[PDB]
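**Student:** Based on what follows, work out the 3D shape:
(chains A, B, C, D, E, F, G, H, I and J, ligands or ions: 126)
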Amino acid sequence: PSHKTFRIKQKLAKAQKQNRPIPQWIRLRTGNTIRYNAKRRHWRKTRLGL
Amino acid sequence: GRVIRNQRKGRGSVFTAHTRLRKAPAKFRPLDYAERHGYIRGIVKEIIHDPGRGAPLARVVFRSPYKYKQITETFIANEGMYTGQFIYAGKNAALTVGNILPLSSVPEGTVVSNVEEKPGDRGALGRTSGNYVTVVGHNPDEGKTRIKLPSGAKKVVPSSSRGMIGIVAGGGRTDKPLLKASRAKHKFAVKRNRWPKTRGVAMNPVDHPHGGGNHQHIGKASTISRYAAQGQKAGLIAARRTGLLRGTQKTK
Amino acid sequence: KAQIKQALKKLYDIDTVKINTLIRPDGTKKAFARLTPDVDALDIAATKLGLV
Amino acid sequence: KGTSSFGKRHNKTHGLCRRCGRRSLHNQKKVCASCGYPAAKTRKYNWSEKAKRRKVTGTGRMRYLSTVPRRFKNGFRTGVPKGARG
Amino acid sequence: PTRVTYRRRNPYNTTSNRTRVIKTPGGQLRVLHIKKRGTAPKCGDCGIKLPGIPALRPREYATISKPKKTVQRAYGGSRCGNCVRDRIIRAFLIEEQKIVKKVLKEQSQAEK
RNA sequence: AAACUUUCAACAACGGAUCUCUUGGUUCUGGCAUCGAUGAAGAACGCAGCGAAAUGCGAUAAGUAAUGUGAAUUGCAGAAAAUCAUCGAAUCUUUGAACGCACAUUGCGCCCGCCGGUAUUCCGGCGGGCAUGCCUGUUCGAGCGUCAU
RNA sequence: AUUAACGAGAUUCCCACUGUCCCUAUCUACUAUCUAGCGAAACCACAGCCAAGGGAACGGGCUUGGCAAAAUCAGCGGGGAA
RNA sequence: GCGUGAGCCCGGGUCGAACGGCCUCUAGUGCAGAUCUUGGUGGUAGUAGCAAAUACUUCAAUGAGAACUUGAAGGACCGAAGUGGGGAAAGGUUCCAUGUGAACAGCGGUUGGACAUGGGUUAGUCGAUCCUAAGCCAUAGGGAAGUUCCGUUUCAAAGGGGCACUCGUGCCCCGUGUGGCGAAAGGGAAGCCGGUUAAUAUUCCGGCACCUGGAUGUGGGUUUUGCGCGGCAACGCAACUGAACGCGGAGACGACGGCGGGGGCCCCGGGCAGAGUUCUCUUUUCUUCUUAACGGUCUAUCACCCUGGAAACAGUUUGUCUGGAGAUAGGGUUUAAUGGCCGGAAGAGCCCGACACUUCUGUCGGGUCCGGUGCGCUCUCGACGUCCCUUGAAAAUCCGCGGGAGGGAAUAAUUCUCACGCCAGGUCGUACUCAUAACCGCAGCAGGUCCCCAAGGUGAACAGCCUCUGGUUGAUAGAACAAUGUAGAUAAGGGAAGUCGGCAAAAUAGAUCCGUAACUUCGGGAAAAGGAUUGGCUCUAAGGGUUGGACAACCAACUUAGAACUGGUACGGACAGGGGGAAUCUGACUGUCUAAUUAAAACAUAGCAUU
RNA sequence: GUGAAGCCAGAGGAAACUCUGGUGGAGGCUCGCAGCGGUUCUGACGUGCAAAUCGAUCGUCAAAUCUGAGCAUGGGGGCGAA
RNA sequence: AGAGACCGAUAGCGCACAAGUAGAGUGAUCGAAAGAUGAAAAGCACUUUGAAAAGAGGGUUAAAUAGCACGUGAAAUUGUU
Ligand SMILES: [Mg+2]
Ligand SMILES: [Mg+2]
Ligand SMILES: [Mg+2]
Ligand SMILES: [Mg+2]
Ligand SMILES: [Mg+2]
Ligand SMILES: [Mg+2]
Ligand SMILES: [Mg+2]
Ligand SMILES: [Mg+2]
Ligand SMILES: [Mg+2]
Ligand SMILES: [Mg+2]
Ligand SMILES: [Mg+2]
Ligand SMILES: [Mg+2]
Ligand SMILES: [Mg+2]
Ligand SMILES: [Mg+2]
Ligand SMILES: [Mg+2]
Ligand SMILES: [Mg+2]
Ligand SMILES: [Mg+2]
Ligand SMILES: [Mg+2]
Ligand SMILES: [Mg+2]
Ligand SMILES: [Mg+2]
Ligand SMILES: [Mg+2]
Ligand SMILES: [Mg+2]
Ligand SMILES: [Mg+2]
Ligand SMILES: [Mg+2]
Ligand SMILES: [Mg+2]
Ligand SMILES: [Mg+2]
Ligand SMILES: [Mg+2]
Ligand SMILES: [Mg+2]
Ligand SMILES: [Mg+2]
Ligand SMILES: [Mg+2]
Ligand SMILES: [Mg+2]
Ligand SMILES: [Mg+2]
Ligand SMILES: [Mg+2]
Ligand SMILES: [Mg+2]
Ligand SMILES: [Mg+2]
Ligand SMILES: [Mg+2]
Ligand SMILES: [Mg+2]
Ligand SMILES: [Mg+2]
Ligand SMILES: [Mg+2]
Ligand SMILES: [Mg+2]
Ligand SMILES: [Mg+2]
Ligand SMILES: [Mg+2]
Ligand SMILES: [Mg+2]
Ligand SMILES: [Mg+2]
Ligand SMILES: [Mg+2]
Ligand SMILES: [Mg+2]
Ligand SMILES: [Mg+2]
Ligand SMILES: [Mg+2]
Ligand SMILES: [Mg+2]
Ligand SMILES: [Mg+2]
Ligand SMILES: [Mg+2]
Ligand SMILES: [Mg+2]
Ligand SMILES: [Mg+2]
Ligand SMILES: [Mg+2]
Ligand SMILES: [Mg+2]
Ligand SMILES: [Mg+2]
Ligand SMILES: [Mg+2]
Ligand SMILES: [Mg+2]
Ligand SMILES: [Mg+2]
Ligand SMILES: [Mg+2]
Ligand SMILES: [Mg+2]
Ligand SMILES: [Mg+2]
Ligand SMILES: [Mg+2]
Ligand SMILES: [Mg+2]
Ligand SMILES: [Mg+2]
Ligand SMILES: [Mg+2]
Ligand SMILES: [Mg+2]
Ligand SMILES: [Mg+2]
Ligand SMILES: [Mg+2]
Ligand SMILES: [Mg+2]
Ligand SMILES: [Mg+2]
Ligand SMILES: [Mg+2]
Ligand SMILES: [Mg+2]
Ligand SMILES: [Mg+2]
Ligand SMILES: [Mg+2]
Ligand SMILES: [Mg+2]
Ligand SMILES: [Mg+2]
Ligand SMILES: [Mg+2]
Ligand SMILES: [Mg+2]
Ligand SMILES: [Mg+2]
Ligand SMILES: [Mg+2]
Ligand SMILES: [Mg+2]
Ligand SMILES: [Mg+2]
Ligand SMILES: [Mg+2]
Ligand SMILES: [Mg+2]
Ligand SMILES: [Mg+2]
Ligand SMILES: [Mg+2]
Ligand SMILES: [Mg+2]
Ligand SMILES: [Mg+2]
Ligand SMILES: [Mg+2]
Ligand SMILES: [Mg+2]
Ligand SMILES: [Mg+2]
Ligand SMILES: [Mg+2]
Ligand SMILES: [Mg+2]
Ligand SMILES: [Mg+2]
Ligand SMILES: [Mg+2]
Ligand SMILES: [Mg+2]
Ligand SMILES: [Mg+2]
Ligand SMILES: [Mg+2]
Ligand SMILES: [Mg+2]
Ligand SMILES: [Mg+2]
Ligand SMILES: [Mg+2]
Ligand SMILES: [Mg+2]
Ligand SMILES: [Mg+2]
Ligand SMILES: [Mg+2]
Ligand SMILES: [Mg+2]
Ligand SMILES: [Mg+2]
Ligand SMILES: [Mg+2]
Ligand SMILES: [Mg+2]
Ligand SMILES: [Mg+2]
Ligand SMILES: [Mg+2]
Ligand SMILES: [Mg+2]
Ligand SMILES: [Mg+2]
Ligand SMILES: [Mg+2]
Ligand SMILES: [Mg+2]
Ligand SMILES: [Mg+2]
Ligand SMILES: [Mg+2]
Ligand SMILES: [Mg+2]
Ligand SMILES: [Mg+2]
Ligand SMILES: [Mg+2]
Ligand SMILES: [Mg+2]
Ligand SMILES: [Mg+2]
Ligand SMILES: [Mg+2]
Ligand SMILES: [Mg+2]
Ligand SMILES: [Mg+2]
Ligand SMILES: [Mg+2]
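**Tutor:** Numbering: from 1, shown residues only, chains lettered A, B, ... in the order given. Ligands and ions are numbered 1, 2, ... in the order given. For reference, the structure is listed below:
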């Protein structure tokens, strides 16, 4: 809702900041195995528990 | 089987009495020096309706003998009491309606209300609408007083016990039929969660001793012993007799 | 707001008439500090803030 | 019941706990279903070995406890290497 | 006949969300949120409204002057004047009766 | 006779079996005894030139000091060691047994001191404090509980 | 036992009414249908024409007969003891 | 090729790093089944199907590609209990701009709540924060082996006010109390208008205000042995001292009914400006014509005061009621603006009209009015009234008073609630959706989910039906029209012969006027049963207010009744809208339950009786 | 829609209380929209839009009416117009 | 810290991997799948067709039928001949 607590707002901020694809230069490092962001979350797919 | 409704009622929870609209308990003044030795004068400010109580209450203001403040009490209103009336409480108070006197200073044959079982308890007996306690007799050497209760019982209380001269207001409240489930509901909605009441024979055996069966029947004697276990006391507890009362009863 | 005003005064010799604040969805605080009418925000930004 | 009743689900039995961080703090009882907050002792039961090991020591950072073995190995000594700037 | 909306986050008609309708100089119909009506102070004896005192919310009386909050006589506020006159007459009569009763008791019970 | 179905074979698909591998498990054995109010375990939020996670760290934030080694780090950029080992000096946000009272609020207080606004009283900034049970001691007290003048 | 009023309660009859029926016919929309695109599931020992016989006493297969011609589409509810 | 066989060996291909024979030792050692476990893959099969919510069409642009992108035009729907405009919970970035391969949007897709890169939420006045409610958790104590249980003021030594020094620490009074959490709908200090962005605005900008707290000024007032003056009074005036202690008020309260006032909306008339129509007619149809908070001023029912003394009782409401406890009447005081005028404020907004121009700049003219109406709708206020064996929160906070403690320079301050003036007002939330796609139902699901505003016509009517503003035109499409269907109907004559059974359907239906049985708890039954009328047009009558001088004139809506004429013998012309009667069983009635097979005669109920 | 008390006026009679016009606006009254519910079609659907929905028809609709948030009762326990 | 007549990616701990992770549930709790190009990215320059994805040539390598759907590459099932 528009009414939010500071804690809830902060956690939403953290989720928004984590919602991104991985950097491209990561895949160029030696020994890299990360192909894509496996913890990607979408507001329509997976509900975050507050 | 289950825990039956009568057993559940003692837990509290949803069966606790409603108290929001009740402003103060109906009690006499604390028994003090003025009431013990002489009298004290109070002024009736209002006659109020107390939800859940058939009888009206009287708000009476007194002066503090020891401080500049003034003290408002809540008495059970005796019928005939009115706003702006002076009432007097004490040993030497006059014998008029609404005055609070010890039973020692009251002649035999007068009716009182909110009679104390023991002096200083601020009233226990005959506090319901249309009810009163009769002063049957005195025993000054023993310092006691025989009284007759609304139920017809005879009791002996110390003569120092106090009572309000007259009869509790509220008249014959039970003289008119409730006539409607809604009116019964409104009556009990400010008292308790006890209405409506389902019959035990309409239940299942898991729910009540009267249980089920292919016909609605108790199936065993409904009179239950005085020393039956909790959960068994459903029906007529310790009934001396049953059936229609067809004459006068020796007990009283 | 008091800390922001004092910090601006100490760090840039900037005097403000009022400061509004919000917290952005990214979690950081954004402050709109209105300067006094006698000081020009364009010159302040050009000379001290590197903004053009 | 079922689909029609699932539409009335817009309240919250549990919120976020300050001690364990899970959404297991009963909003009315004010007690955490996971860590037992606000009780002093952390809620833990021997009939759930999985639950015990999900939060046993070593599942977090160990900000202080990880440095104890080295200090013990060197004897909880104090001071500086004989011949150190400062 | 344009339709209006609440201007605050409270969407319910809860005896504190009182609104009235206004027309703005911009030419459009709008809602104005208004407080509860003031209430006239009552007499402490008879309970009728007291003449000469404005009906305001309780906090509003702290910002108006004393002469507007009271009337210039004994028990100016909180009593209605008729009650004050009754008090004066009653007090005088009780003191007179007390004086004559004490003099009568002294003259007729302590004459020996 | 084609088509279709089926059978057989070659090649091509689908799928991930088999073989080989293994910075991982599992079991046994040996050595050791070291958490926390000097704030633990755990949780939250942040910190990189370019990072979401994992790892590391705490506004001194992919780390500081110190010691040892002795020329890197590396995906790109950059610069004049190191994402090195060791580790005795420090820092260590909000929390949490969690401690001014609370907390579903980044809520509401009190005390001491300093610096400003005309200021012992109000406001603002900064720093240090204010939980409970119990022990020893200190000081101030209560009680015709009691002792002498 | 009776009972005015009330009843999405059970029952019988009467008037009105009508496709419930004699006895069916016709019209409209949306399907079904054909096309483009997209595109499952249930189920599946192997499979799938019958008659009689015997048989675990009701066979698709066994015995003896009838027979028996590619590949198919829309319906259908006898059988598959579906 | 060998072996009866389990198997063993070899040839060819692929492939890339280990492996085998013999004798002993060892075991997690041999699979077709276990509705076996995990994983993968078939026939079915290009099959079932993608059919609720009325619906699309033309041209153009874009693009490789257009039914489901966009522009314009047309045709439609939602039809103010909306498919409209905003909120609460819940979500969390879905909001805005730019770009876009794949995946997703059960068809497509140039489009998207998708993907990618960047932005976006501004408060002393709106909320939280403060208060208390139901309730929860401490404390003192008491239980419990203990985790802990009760306890919330209770078997407790439980606090807050003032004066005095160079300096904090010297005293003097009061005391019965002595915690916290708990409402974004309860209580509550204070902000309005205009403009502005891609996205925020009662928050930004401009103008104009308010509240709280703290400080000390200028003026004013009062006094100098003291703390204002006036009015018969109700009370008034710009202030016009006032500790403790106490009293009172406000906060602060139900449901319903008719009536009256006010705002807004609707409607009517005239005028102004623009637009539509104009074969013909229409002094025509439509739209605009606005005025905030905050203040000043004058009023506004109830009540209260003064004079006076009422029966031949009077005044008076739709209803009531009121009066020797003082009515009618006359004159006053006062609570109560969402009323009039004025400031704000025309400088704004809006509407027209005319001159500049790549842009930078728009600029300049004018106008922005007057009346009426009402069982109208909505909100609000007021005075009455009804109902209750129902009487319909608390606290924080603010104010008044009773009392009279202290203090108050005839030439100087003045314990001032008056005017003006000075300083400050922290923290968190603020985007967007709120739903046939932003929440919950595994999902972009015909379900579910708490509110606010609420136009015109018909009509009794937020009934149905049509329309305006606003919003949509989104639900895979094209063609054909077989059976069987689902949904919507119609049928000659008969009229329940069908069927367990009139299931389903049909018939009735509005309003006005007639008429209405048995039975009855006398209240009902009852809309019983039944019958007649209903359109259009042209008229007539009645039902009100104001002024003159019993009539005339002026003003204003509707409601009812009567008559003639007329056509299709039709008229509640769609929509809307009771079938009825004679009885039996049963439960008195209203009400409640097996969410998802049973709504009943079951439960409940009032009444009765017992303990 | 019906029209309970209370009230006004007029008719009779001798009384007492009869009657007739009005006024009024009571009732767990009634028709009926929204809401709430869920009777029948034993309709649609029945690998659905849906693990209970859809359509028509129905019950109730001013009070034992509907509903939000906060709070309480926790498994042999609760709650139950059963 | 050292070992084994142990297991060898459906085995061995649930986890050889950003595993008590992703995800489910109001919650207590429940809880996966998933290792291997090559010695070295040398991870295919350039031409051409295509709107693009890609294809065809060409290149790297010992090897591309080792091309990030990557060692080998079975069967079920499928296409062509
Ligand atoms: Mg039991
Ligand atoms: Mg009962
Ligand atoms: Mg039963
Ligand atoms: Mg039993
Ligand atoms: Mg028994
Ligand atoms: Mg029975
Ligand atoms: Mg028997
Ligand atoms: Mg803010
Ligand atoms: Mg609910
Ligand atoms: Mg604690
Ligand atoms: Mg962790
Ligand atoms: Mg063969
Ligand atoms: Mg493959
Ligand atoms: Mg292997
Ligand atoms: Mg720490
Ligand atoms: Mg401390
Ligand atoms: Mg401490
Ligand atoms: Mg709070
Ligand atoms: Mg403070
Ligand atoms: Mg200072
Ligand atoms: Mg300070
Ligand atoms: Mg501090
Ligand atoms: Mg000491
Ligand atoms: Mg002593
Ligand atoms: Mg009957
Ligand atoms: Mg078909
Ligand atoms: Mg097709
Ligand atoms: Mg087969
Ligand atoms: Mg056969
Ligand atoms: Mg046979
Ligand atoms: Mg046979
Ligand atoms: Mg067979
Ligand atoms: Mg044969
Ligand atoms: Mg054939
Ligand atoms: Mg069939
Ligand atoms: Mg068949
Ligand atoms: Mg079969
Ligand atoms: Mg190799
Ligand atoms: Mg085995
Ligand atoms: Mg097998
Ligand atoms: Mg076998
Ligand atoms: Mg399987
Ligand atoms: Mg399959
Ligand atoms: Mg098909
Ligand atoms: Mg279908
Ligand atoms: Mg179709
Ligand atoms: Mg459709
Ligand atoms: Mg083109
Ligand atoms: Mg379309
Ligand atoms: Mg329609
Ligand atoms: Mg329409
Ligand atoms: Mg409405
Ligand atoms: Mg909107
Ligand atoms: Mg909306
Ligand atoms: Mg909530
Ligand atoms: Mg968008
Ligand atoms: Mg685009
Ligand atoms: Mg698609
Ligand atoms: Mg496509
Ligand atoms: Mg696309
Ligand atoms: Mg394109
Ligand atoms: Mg996105
Ligand atoms: Mg406010
Ligand atoms: Mg606050
Ligand atoms: Mg408090
Ligand atoms: Mg407790
Ligand atoms: Mg104890
Ligand atoms: Mg609070
Ligand atoms: Mg509120
Ligand atoms: Mg402002
Ligand atoms: Mg401004
Ligand atoms: Mg001030
Ligand atoms: Mg002066
Ligand atoms: Mg209230
Ligand atoms: Mg106006
Ligand atoms: Mg209208
Ligand atoms: Mg007009
Ligand atoms: Mg004005
Ligand atoms: Mg008068
Ligand atoms: Mg003006
Ligand atoms: Mg002008
Ligand atoms: Mg309303
Ligand atoms: Mg009005
Ligand atoms: Mg908004
Ligand atoms: Mg969802
Ligand atoms: Mg829905
Ligand atoms: Mg209308
Ligand atoms: Mg009309
Ligand atoms: Mg209508
Ligand atoms: Mg819309
Ligand atoms: Mg569809
Ligand atoms: Mg049909
Ligand atoms: Mg016929
Ligand atoms: Mg016929
Ligand atoms: Mg007939
Ligand atoms: Mg028949
Ligand atoms: Mg028959
Ligand atoms: Mg029927
Ligand atoms: Mg019909
Ligand atoms: Mg009748
Ligand atoms: Mg009848
Ligand atoms: Mg009739
Ligand atoms: Mg006619
Ligand atoms: Mg008719
Ligand atoms: Mg009907
Ligand atoms: Mg019944
Ligand atoms: Mg119930
Ligand atoms: Mg059922
Ligand atoms: Mg069941
Ligand atoms: Mg049913
Ligand atoms: Mg009713
Ligand atoms: Mg419904
Ligand atoms: Mg059915
Ligand atoms: Mg079907
Ligand atoms: Mg239905
Ligand atoms: Mg039909
Ligand atoms: Mg494994
Ligand atoms: Mg595998
Ligand atoms: Mg596993
Ligand atoms: Mg979850
Ligand atoms: Mg592999
Ligand atoms: Mg090659
Ligand atoms: Mg190969
Ligand atoms: Mg290879
Ligand atoms: Mg391979
Ligand atoms: Mg094969």
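**Student:** mind listing what residue E:12 touches?
**Tutor:** For residue E:12, the contact set (Cβ atoms under 8 Å, 6 or more residues apart in numbering or on different chains) is empty. All C-beta spots, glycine's among them, are computed from the backbone N, C-alpha and C.
**Student:** what's the distance between it and residue E:19?
**Tutor:** According to Cβ to Cβ, to the nearest Å, residue E:12 and residue E:19 sit 12 Å apart.
**Student:** Count the neighbours of residue 30 for me.
**Tutor:** No chain was given, so I picked chain A. Counted with other Cβ atoms under 10 Å in any protein chain shown, residues neighbouring residue A:30 total 4.
**Student:** oops, I was thinking of chain C
**Tutor:** Around residue C:30 there are 10 residues (other Cβ under 10 Å).
**Student:** Now do the SS call for it.
**Tutor:** The three-state label given to residue C:30 by DSSP: H, G, I helix; E, B strand; the rest coil is strand.
**Student:** beta partners of it?
**Tutor:** Residues in a beta bridge with residue C:30, per DSSP bridges, are residue C:22.
**Student:** Would you confirm that it contacts residue C:22?
**Tutor:** Yes. Residue C:30 is within contact range of residue C:22, at 5.3 Å (criterion: Cβ atoms under 8 Å).
**Student:** does the closest residue to residue E:7 other than its chain neighbours sit in a helix, a strand or a coil?
**Tutor:** Among residues not flanking residue E:7 along the chain, residue E:31 sits closest, at 5.7 Å (Cβ to Cβ, 6 or more residues apart in numbering or on different chains). Following three-state DSSP, we place residue E:31 in the strand state.
**Student:** Enumerate the residues of chain C near chain A.
**Tutor:** C:23, C:25, C:26, C:27 (Cβ under 8 Å from any Cβ of the partner chain).
**Student:** Nearest to RNA strand F among the residues you listed?
**Tutor:** residue C:27 (4.8 Å; Cβ to the nearest atom of the strand).
**Student:** ok, and the closest non-adjacent residue to that closest one?
**Tutor:** Nearest non-adjacent residue to residue C:27, counting by Cβ to Cβ, 6+ apart: residue A:13, 3.7 Å away.
**Student:** most residues in a single helix of chain C, which one?
**Tutor:** Across chain C, the longest stretch assigned as helix under DSSP state H is helix C:2-12.
**Student:** what's the neighbour count on residue B:55?
**Tutor:** Counted with other Cβ under 10 Å, residues neighbouring residue B:55 total 23.
**Student:** which residues sit in contact with it?
**Tutor:** B:76, B:77, B:127, B:128, B:129, B:168, B:169, B:170.
**Student:** Could you give the number of residues near the second one?
**Tutor:** The local packing count at residue B:77 equals 28, with neighbours defined by other Cβ under 10 Å.
**Student:** what do you get for the fifth one?
**Tutor:** Counted with other Cβ under 10 Å, residues neighbouring residue B:129 total 19.
**Student:** what phi and what psi does the backbone show at the closest residue to it other than its chain neighbours?
**Tutor:** Spatial nearest neighbour of residue B:129, excluding adjacent residues (Cβ to Cβ, 6+ apart): residue B:170 at 2.5 Å. Torsion angles at residue B:170 (phi, psi; degrees, to the nearest 10) stand at phi 110, psi -10.
**Student:** Contact partners for residue B:170?
**Tutor:** By Cβ under 8 Å, 6+ apart, the residues touching residue B:170 are B:54, B:55, B:56, B:79, B:128, B:129, B:130.
**Student:** Same check on residue B:192?
**Tutor:** Residue B:192 sits next to B:15, B:17, B:18 when contact means Cβ under 8 Å, 6+ apart.
**Student:** Right, I'll leave it there.
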